[PDB]
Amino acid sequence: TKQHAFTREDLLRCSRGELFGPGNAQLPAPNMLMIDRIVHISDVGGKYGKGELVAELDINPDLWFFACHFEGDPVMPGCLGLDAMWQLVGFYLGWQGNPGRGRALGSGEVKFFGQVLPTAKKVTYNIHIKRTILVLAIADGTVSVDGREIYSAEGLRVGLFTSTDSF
């Protein structure tokens, strides 16, 4: 709740379990990590007045997903933009000081209506925290590329589990 911005090294540290500690929220490591930095995170503001994040991913033509999605027709997979949003919501829960490891629970409505091409420079994520409570967060999110809105998700859900070995 005190630190409001995070560098890539912070996010890598988070992915090793070294930002929030043992048994607590982890971002994925590369190549599933879809965030380069969190430019702003707060527990106030956002469209519901219950917090928001602004985060970024730098684009260059050599990002691994362009070569295979699709051959001769490169475009960032929307599923990874969507996962960026789940990653960010999980991070928020950890940043709030909740214990447990993250699992995406799903989403209300997801829309893709624009492309991230390999000539793009920067993707920006906006996350609006709708509600926090098991421990879980509900949020809305939008992905943009170089100023243009391209993806949206309503009712993103992420949960924290102190146990996942007894299902």
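All residue numbers are counted from 1 along the displayed sequence.
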Worksheet, complete the sentence: Residues of the deposited chain absent from the coordinates between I133 and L134 total 1 to 3
Discussion item. Please compare 77 to 85 with 93 to 101 and name the stretch with the higher mean C-alpha B-factor in the deposited structure.
Written reply: 93 to 101
Response to the item:
Assert higher mean C-alpha B factor (120 to 128 or 22 to 30, deposited values) equals 22 to 30
Worksheet item: Once the chain's modelled residues are ordered by C-alpha B factor and cut into thirds, is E109 in the lowest, middle or highest one?
Response: highest
Response to the item:
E154: C-alpha B-factor third of its chain, per the entry, is the middle
Item to complete: Divide the modelled residues of the chain into thirds by Cα B-factor and specify which third, lowest, middle or highest, holds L11.
Response: middle
